[PDB]
Amino acid sequence: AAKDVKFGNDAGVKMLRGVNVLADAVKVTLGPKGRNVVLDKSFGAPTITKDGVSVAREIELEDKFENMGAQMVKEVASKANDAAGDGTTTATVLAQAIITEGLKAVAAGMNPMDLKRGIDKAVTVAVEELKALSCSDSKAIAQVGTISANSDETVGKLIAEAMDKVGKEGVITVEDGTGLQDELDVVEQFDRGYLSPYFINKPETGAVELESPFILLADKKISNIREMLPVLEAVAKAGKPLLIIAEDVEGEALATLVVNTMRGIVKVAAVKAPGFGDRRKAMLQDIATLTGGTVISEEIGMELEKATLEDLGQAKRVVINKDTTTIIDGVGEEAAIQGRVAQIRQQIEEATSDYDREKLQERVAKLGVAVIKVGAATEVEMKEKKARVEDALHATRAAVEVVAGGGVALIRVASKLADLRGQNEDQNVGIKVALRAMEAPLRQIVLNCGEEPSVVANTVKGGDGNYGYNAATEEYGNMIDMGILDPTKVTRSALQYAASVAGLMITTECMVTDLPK
Amino acid sequence: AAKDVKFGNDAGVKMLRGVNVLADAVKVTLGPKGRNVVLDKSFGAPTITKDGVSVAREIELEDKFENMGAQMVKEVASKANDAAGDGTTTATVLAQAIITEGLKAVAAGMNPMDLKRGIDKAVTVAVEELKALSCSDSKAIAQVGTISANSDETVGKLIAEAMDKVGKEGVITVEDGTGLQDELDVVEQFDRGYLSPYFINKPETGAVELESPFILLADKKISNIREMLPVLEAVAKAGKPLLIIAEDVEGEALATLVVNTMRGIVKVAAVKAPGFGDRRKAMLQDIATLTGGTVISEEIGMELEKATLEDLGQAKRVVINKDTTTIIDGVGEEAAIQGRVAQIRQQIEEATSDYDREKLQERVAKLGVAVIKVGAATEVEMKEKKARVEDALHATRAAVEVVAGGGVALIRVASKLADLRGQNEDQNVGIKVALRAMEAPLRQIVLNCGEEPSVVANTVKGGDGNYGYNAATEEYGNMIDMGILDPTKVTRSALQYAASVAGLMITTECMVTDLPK
Amino acid sequence: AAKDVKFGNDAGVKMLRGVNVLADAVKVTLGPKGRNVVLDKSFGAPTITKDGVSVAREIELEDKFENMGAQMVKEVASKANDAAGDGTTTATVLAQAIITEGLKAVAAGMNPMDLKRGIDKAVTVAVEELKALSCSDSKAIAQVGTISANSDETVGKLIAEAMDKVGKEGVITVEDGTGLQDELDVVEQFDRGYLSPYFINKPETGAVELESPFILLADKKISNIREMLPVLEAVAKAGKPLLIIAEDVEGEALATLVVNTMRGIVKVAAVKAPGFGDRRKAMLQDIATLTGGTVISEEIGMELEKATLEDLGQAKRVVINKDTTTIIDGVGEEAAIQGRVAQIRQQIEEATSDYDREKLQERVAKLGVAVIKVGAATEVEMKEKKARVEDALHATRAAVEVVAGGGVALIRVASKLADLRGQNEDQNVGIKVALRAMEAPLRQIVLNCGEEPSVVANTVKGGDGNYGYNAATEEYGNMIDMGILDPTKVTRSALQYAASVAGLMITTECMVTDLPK
């Protein structure tokens, strides 16, 4: 359709307004004194939140261009959430700060490209400086978990031990307990999410759950639909849920499965094979050995139509997040899986490239799941405990993949980079833009407290090291001694993502959108 | 004509906007880092100023009610200017601060009357506290003189020289120097201004100047016009200028003289007799002896019509300001004047009431005069140097019968009154309203510097005594050691006038104005 | 009437538009390739000009605020025209450049006061640097004379001839030639203009001309009107024109004379006495000796009314410009004047202060006169040649007590100040604002040629010294060798006036004007 095009400054103003609308709505929920935000529910009473992520999801503007700006900075929160699993609001306040001052410098005549270069330089030097000041050990892992579950020491300990058993990389799932106590057991996960939403049968978690499903392993991309019908019929009996782990399921057959899940029971859930090219099919073999199935390869491609339930692997349970699929308890234990492990473990011995050995080591490391059965007290208490552990786990994993909290770490880092220079004046301005934005988080936390940000900032900048401002007690002191910590992971992730999106927007010279007319 | 009436809140909002428009325009010119304000000239290039008084004079709003508010607070500046002769901008920032928070408290439900009482209480305790922090010895006279003269050591010394010669209670005048340099000599003025403007033949100074005029001294109030005609005719020859120092010139004969000055040469200038009742006519006799004239009393009232030029005293020159008339060089020197002095000097000996002696002492003091002849710098700068000396002289005499500058004095005073309470909560709120307004001056000075007012204020409040912030060098230190002083006179006057006008506005419940329709 | 008030940015935008409208209209006429501007005549064919001054006079905008901005920058042209007598367009392009970038920096957050300080610092260092790149010997006088006379060798020589005869400090006048050719002869003026316009009987020159007028010399300020009537009556016979050289003529008697000149013949013309205080009356005596009159002093003040025509001096002709009065051929030659000269010449011998001798030397210099009689070219071109000579003469005398043209001088000066810094970043920005504006003149000259300003500017900045761009031949080369010179006077005056007005506007925080409604 007819488009609307805006260049330079005209496009810059529309972007700035859009980011301000989103950022302002989000930033009010920062810190222990974060204010509430009312999100109008389609039906019933409105939602009350202090959670930034929840607020951002609702932000969409009428002005096509402003909305573009809001959707661009919304990428900061989502990316930081996907990486660190926390600190999205901090990322949003940092992004806005860099974009605000960045665009103002552009309007002043500064070179967009130079500005970006200066900002990027400040961020690289900042992250390394952040490392110097610095969630690896179980002490920290247990400390983050408890914090994520309202100081519940029980939950933090369960997570720490869970990660200590299967490694801070292994698959971990939370299940219901069987009469009090807290159980932990490894009962025999790849980076692939559902090819399309809607498969999400549990909207609250944004994940797909399948109980005792069959797993169709294919080495080709499904698109034909029709030749899949005979396999679907076979799965329609007993094991209702079906998990398709093919090379890829094209929009053709994929759209058919999506339309079939609606109304027609649980049906099927589709994801793509882990890895690519050569290692893709060898990786599929590992899944086949776990689940006890047969991979329908190129030559067996004709067989895709006459694939019996014997060729379909099976598992006790499977959970598919946005970008992670975990197969819990596969059917083909010991003998099969262990023999597979013996082969690959012998592959590393066949010394070739150091690369191969690393990749093969990842495979043997993958071939079980560690289930955490929660404290089964009464009935409702067990449901809450599971809700606590579930959220606390998710937050700890992101925290794993500490520095003084309250935004003092970034301020302390900015003080060190005061002499940082670039190749020119514009690059120097960009550097200072980044350093001024590193004060934004603390200033916003203080602003929400009802105190003057300029004063508190000045005082903390006057202090040294872990000297910061406790927004909870309205008192200054040693942040770490007061227990106000931030994983170095969430802090650097928030800064890096804020700077990348901000860098893109500052480098933008033209915007195109469908005309309202 | 038809009026427009607004009550309570409706009237309060209109007043607040009006005061904000005036105050905001004025306050930008506060301190050493005061910003410029462009005043559009009717013809030619616009005026550029950092002088608050000049800006305020131009302020007039379209909205009848808002204009009323602006004209009300404009009274603060004019009154403080008339009293201290400086600190009008400080007075305006104080007024706005009290009015802003005062009206907000009113809108919150507070009792206007109680609020005013609390504010007034805070101001009375503040001025006495200001006195504690703040003139007999020559050191004190010279010190306050330099401060009032904008840290000019020369001027401060001159005021000390004069008060050392004729005494601190003696007569002191200032005029241009004959042969450059800077002179001071002792050679052998009452509180009454022109009864009506227009007589002002010199618009630039806002004063009336008469050269070799005749002085008609009358002990009755002129209103008849007609019986004055014969005397005016006699003065129409040779000594064109005429000065009427009668008991009072009623609007009847006064309006006739005003209409006659226009087009009909310089004509006459009218003022009323110094003092009142009994001492009024005895005071007139003193003027008669100086000028060498005869006072037309009650009985001589008929003679008012046949008053010859012999009865009219004469002087070399006379200058009539808004509220001061000065007779320069009277004709009747030595013998006449000296004999008059001998009588009154002998009156004080006739011990009766201590009161009489004080009043009689004022008379003999008026009838030598220490003539300060300013430094003749290009004969153009003579006017600037002259103005600076008379302003400093006036301030020094008032002091005879300094605090830390940069608005730190008021802040230091506000710290002492932190425990000040009233008869109720509303009175306590009003007290705090006044104390918060005492920080306004410093915060505005800092705001104009480009620095954060909340931070600098916090730091100065953390210090002690003369510890303040030098806005010129952007450095903290001992204000007095840095030479940043403020006459206690300008400071207390600015606060008192700000509080009085603010008290009136906060007590206002109804506004009436001519309808625009 | 009701006013309209605008603050900060709102006032800044209105000012910028106004200055842009004026500057843009004016700058198109800059240089040898200046474009034409059509000025609509009230009656007849429109005016066609390449003269900037003529264009500026016509500029007046509808928007009250924008007009204020235009009238403010219009002050740059008028002031530079009054000082250097040329370079108004250059001044206007410099002003606009400083204001444009200055206001943009303000909008960016920069401190107005700091900016002004930086600009002022750049200008002071620039003018001294300009002096370095830039008059005792006849060669220097003639050289600067030709340059000021638009490279006219003839005029430059004449100024050298005159200063060789009566000295460089001597008196020099210019007038029409009697018998064509071009004459120069030595036969046996004060800084005071008409107290009020309207006296200007010759609108084309903006000056007052009186033929064989009487000269009333008074040592007091006239205001009485009435006592002047008898003297006016005496002058009403024979010598119709009258010139009043009193201490000052106050608006009272002045307004009466102005109303009398209208309809009532030529009447009288009033100006104030040269100098002030003591030397004022001694200076009046010198005029009295020339014209052959008697000065009515303080004591003779009564005589002001009975001042006979014998007391009134007389001259052959008198011309009163805006700020200069010249008495041509006084009646009291030789004996009287020469005796007066003998006294003052003997005063300098009485060694006291070096100051007195300088001032006394100025008096004897005023009381021979080198009469330059312009080349009589058709008696019509005589007026053009005459104007050109007096403008060049005025400029040469100022130089006694040239740089590369085409705007290259300022560019060369800006290159030197590349390392100039201030007390802070804002002051550094202001400095750079001034340096960027110094390229404006050349860029505008090139822009009018039809060539790319950025390219030519870059090339000249790449060159050295007098290397510039000849806009006439479209060729680069040594400006001075090509004969493209600019008096250092016009260049520094244009820069200083541009910076002062720009400094005021940048310091402006509020604008007030009569409401259109």
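This entry lists cryo-EM as its structure determination method and reports a resolution of 7.90 Å.

Quick look at the overall build of chain A now. Counting its regular elements, chain A contains 18 helices and 19 strands. Against the compact-globule benchmark of 24 Å for 517 residues, chain A has a radius of gyration of 26 Å, which places it among compact chains. Overall, chain A is about 70 × 60 × 60 Å in size when its C-alpha atoms are taken along their principal axes.

Before going further, it helps to examine empty space enclosed by the protein. Residue and element names in this part refer to chain C. Considering only enclosed or pocket space, the largest cavity measures out at about 40 Å³ in volume. If you go around the largest cavity, the residues you meet are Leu 22, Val 26, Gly 52, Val 53, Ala 56, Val 73, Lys 74, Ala 77, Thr 88 and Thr 92. Looking at the lining of the largest cavity, the elements with two or more residues in it are α1 (8-27), α2 (52-58), α3 (64-83) and α4 (88-107). Considered class by class, the residues forming the lining of the largest cavity number 6 nonpolar, 3 polar and 1 charged. Taken as a whole, the second largest cavity encloses approximately 30 Å³ of empty space. If you go around the second largest cavity, the residues you meet are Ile 222, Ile 225, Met 228, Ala 253, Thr 256 and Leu 257.

On the chain A side, the residues contacting the 4 residues of chain B number 5 residues. Tallied by class, the residues present in the side of chain B that touches chain A amount to 1 nonpolar, 2 polar and 1 charged.

All names here are of chain C. Within the open sheet, the 3 strands sit side by side as β4-β14-β5. Their pairing is mixed. Two strands in the sheet have a free side with no partner beyond their single neighbour: β4 (171-175) and β5 (183-187). Each strand axis lies, on average, 20° off the axis of its neighbour in the sheet, ignoring direction. Where β4 lies against strand β14 (residues 369-373), 5 bridges are found, and the strand directions are parallel. The residue of β14 that forms the bridge with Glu 175 is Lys 373. Of the strands in this sheet, β4, β5 and β14 touch helix α7 (residues 153-165), which is tilted by about 20° from β5.

Attention now goes to the sheet that holds strand β14 (residues 369-373) of chain B. Residues and elements named next belong to chain B. Here we have 3 strands laid out as an open sheet, ordered β4-β14-β5, and mixed in their pairing. Both outer strands of the open sheet, β4 (171-175) and β5 (183-187), are each paired with one neighbouring strand and no more. On average, adjacent strands in this sheet sit at an angle of 20° to one another, irrespective of strand direction. Sheet analysis places β5 next to β14, joined by 5 bridges and oriented antiparallel. Each bridged residue has a counterpart across the sheet, and for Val 187 the counterpart in β14 is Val 369. Sitting on the sheet, helix α7 (residues 153-165) is in contact with β4, β5 and β14, with an inclination near 20° to β5. Along the sheet face, helix α13 (residues 381-400) touches β4 and β14 and points at about 165° away from the line of β4.

Attention shifts here to the packing of α4 of chain C against helix α18 (residues 488-506) of chain C. All names here are of chain C. Two elements in contact, α4 and α18, have axes separated by 8 Å at closest approach and are oriented at 30°. The pairing of α4 with α18 is recorded here as roughly parallel in orientation. The way α4 lies across α18 gives a crossing that is right-handed. Across the interface between the two elements, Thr 90, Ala 91, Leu 94, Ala 95, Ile 98, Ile 99, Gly 102, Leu 103 and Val 106 from α4 touch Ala 494, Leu 495, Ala 498, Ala 499, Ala 502, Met 505 and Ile 506 from α18. Partitioned by chemical class, the residues of the contact of α4 with α18 number 14 nonpolar, 2 polar and no charged.

This part is about the relation of the copies chain B and chain A. Rotating chain B by 178° about the axis while translating it 0.0 Å along that axis superimposes it on chain A, leaving an RMSD of 2.0 Å. As the rotation angle and translation indicate, the two copies are arranged about a two-fold axis. Taking C-alpha positions as reference, the residue of chain B nearest the rotation axis is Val 455 of chain B, located at 2.4 Å.

What follows covers the packing of aromatic side chains. Inspection of every chain in the model, using the stated rule, returns 0 aromatic pairs over all chains. The positively charged end of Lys 6 of chain A is found above the aromatic ring belonging to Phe 65 of chain A, 5.7 Å away from the centroid.

Attention shifts here to a nonpolar patch on the surface. All names here are of chain A. Where nonpolar side chains cluster on the molecular surface, the patch consists of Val 5, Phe 7 and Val 512 and spans about 270 Å² of accessible area. For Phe 7, the position within the fold is in strand β1 (residues 3-7). In this structure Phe 7 comes out as exposed when scored by relative accessible area, which is 52%.

Moving on, we come to the interface of chain B and chain C. Contacts between chain B and chain C engage 36 residues on the former and 40 residues on the latter. Breaking the side of chain B that touches chain C down by element, the ones donating at least two residues are α1 (8-27), β2 (37-39) and α16 (440-449) of chain B. Here the residues of the side of chain B that touches chain C are counted per class, giving 15 nonpolar, 8 polar and 13 charged.

Core analysis: the largest hydrophobic core is formed by 65 residues, its most contacted members being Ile 98, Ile 99 and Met 438 of chain B. When residues in this core are grouped by element, the largest group, 9 residues, is from helix α4 (residues 88-107) of chain B. Within the second largest apolar cluster, 63 residues are counted, among which are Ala 56, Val 93, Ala 95 and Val 433 of chain C.

As a further point, take the pairing of strand β17 (residues 475-478) of chain B. Residue and element names in this part refer to chain B. In the sheet, strand β16 (residues 467-470) pairs with β17 via 4 bridges, with the strands oriented antiparallel. The residue bridging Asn 470 from the neighbouring strand is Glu 475, located in β17. As consecutive antiparallel partners, β16 and β17 are separated by 4 residues, and within that stretch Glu 474 has a phi angle of approximately 60°, a positive value.

Before going further, it helps to spend a moment on unusual backbone geometry. Positive phi, normally seen in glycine, also occurs at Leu 180 of chain A, with a value near 55°. Secondary-structure assignment places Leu 180 of chain A in the loop between β4 (171-175) and β5 (183-186). Positive phi, normally seen in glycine, also occurs at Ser 212 of chain C, with a value near 50°. Mapped onto the secondary structure, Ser 212 of chain C falls in the loop between β6 (208-211) and β7 (214-217).

Our next topic: helix α17 (residues 453-462) of chain A. Buried within α17 of chain A are the following residues: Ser 454, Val 455, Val 456, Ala 457 and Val 460 of chain A. Structurally, α17 of chain A contributes buried residues whose contacts are with α14 (408-416), α16 (440-449), β16 (467-470) and β17 (475-478) of chain A together with α17 (453-462) of chain B.

Calculation notes
Residues numbered from 1 in each chain as written, not as in the entry; some residues may be left out. Chains lettered and ligands numbered in written order. Part of a larger assembly, values for the part shown. Heavy atoms only, no water. Residues with missing side-chain atoms left out of burial classes, pairs and counts. Helix = DSSP H or I, 4+ residues; strand = E, 2+ residues; numbered from the N terminus. Rg over C-alpha atoms; globule rule 2.2 N^0.38 Å. 1 Å grid on protein atoms, 1.4 Å probe; cavity = no way out; pocket = protein on both sides within 12 Å on 5 of 7 lines; lining within 4 Å. Points joined across faces, edges and corners; volume = space filled by probe spheres on them. Nonpolar A, V, L, I, M, F, W, Y, C, P; charged D, E, K, R; others polar. Contact = heavy atoms within 4.5 Å. Pairing = 2+ DSSP bridges. Axes fitted to C-alpha atoms, helices over the stretch in contact; angles between N-to-C directions. Parallel < 35°, antiparallel > 145°, perpendicular 65-115°, else oblique. Left-handed = near helix turned anticlockwise from the far one by under 90°. Least-squares fit on C-alpha atoms. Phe/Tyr/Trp six-rings, centres within 6.5 Å; stacked < 30°, edge-to-face > 60°. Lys NZ or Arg CZ within 6 Å of the ring centre and 35° of its normal. Patch = residues over 30% accessible without salt bridge, like charges linked within 9 Å, V, L, I, M, F, W, Y side chains within 5 Å. Areas by Shrake-Rupley, 256 points an atom, 1.4 Å probe, with all protein chains shown as cover. Salt bridge = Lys/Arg side-chain N within 4 Å of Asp/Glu carboxyl O. Buried < 20%, exposed > 50% of the residue type's maximum accessible area, 1.4 Å probe, protein only. Core = buried A, V, L, I, M, F, W, Y, C linked by side-chain atoms within 4.5 Å.

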